[PDB]
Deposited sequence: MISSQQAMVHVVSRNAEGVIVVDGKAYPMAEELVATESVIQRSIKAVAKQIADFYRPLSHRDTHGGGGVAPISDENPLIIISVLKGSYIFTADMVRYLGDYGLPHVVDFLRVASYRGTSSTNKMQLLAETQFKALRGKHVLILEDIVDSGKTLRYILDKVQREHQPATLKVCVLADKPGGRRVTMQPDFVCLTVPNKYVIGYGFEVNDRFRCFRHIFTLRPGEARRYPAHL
């Protein structure tokens, strides 16, 4: 169980630990984990009965199985902790799956930083695991690229977080674990220059803290 309060300095404390960079708590670890496990059950219920291209028996179509698993593409770096937890819940619900990774970045225009290494996704069910949908530009770019380069049977998106008010392009993920306020979030994979990703809870960031670490790593 968690205790969420503010100390005498007005700083958020969760389970005895102070978070002076946080404006508000969004979700505790318990709430996050319950939300991910609930979505894992939805993903397993949706994909378990489906069939797709048989690459194990070089055959036609066959059920999702350890021979022909659901293909999961995890988006680095923000989704790796979420992915590690989600795959264990998907295993709990008995969904056969395998995970590869891609990474994208913006210069705002989008560019691939790291490509997936899976090469046989034609006619396969593919699920993207991503940390958050905000404007929707990052996921529109990933979906268009995976669709044209891999030609999957179906392509869906599961996000840990949906920031509804940030949308600038049409993008509604098929699966959403949590809804967050229209603010910059940190914790549980969410970072400020790679800091704060290890927090077990999600918080909104005090606006003055966003440029605290300007030096490139």
Counting from 1 along the deposited sequence, the ranges with no C-alpha atoms are 1-8, 116-121
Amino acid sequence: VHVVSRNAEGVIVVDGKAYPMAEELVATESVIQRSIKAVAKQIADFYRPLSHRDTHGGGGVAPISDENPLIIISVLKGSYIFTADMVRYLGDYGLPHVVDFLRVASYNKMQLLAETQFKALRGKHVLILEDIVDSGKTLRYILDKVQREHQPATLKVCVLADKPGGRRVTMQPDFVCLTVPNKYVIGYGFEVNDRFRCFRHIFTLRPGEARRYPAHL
From here on, numbers count along this sequence of modelled residues.
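C-alpha atoms forming the largest set that superposes within 1.5 Å between two forms make up the rigid core.
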Returned stretch for higher CA RMS in 5 other deposited structures of this protein, core superposition, given 111-119 and 88-96, is 111-119
Judged by RMS Cα deviation after a rigid core fit in 5 other deposited structures of this protein, the more variable of 205-213 and 16-24 is 205-213
Other entries omitting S106, at least a third: yes
With B-factors read from the PDB entry, the higher C-alpha mean of 148-156 and 55-63 is in 55-63
Between 109-117 and 129-137, the record assigns the higher mean Cα B factor to 109-117
Comparing C-alpha B-factors across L70, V169, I186, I36 in this entry, the winner is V169
Tertile call for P207 (CA temperature factor, within chain, third-based) is the highest
In terms of its chain's C-alpha B-factors, the third that includes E29 is the lowest
Of the three thirds of Cα B-factor ranks in this chain, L76 occupies the middle
Tertile call for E9 (CA temperature factor, within chain, third-based) is the highest
Split the chain's modelled residues into thirds by Cα B-factor; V87 lands in the lowest
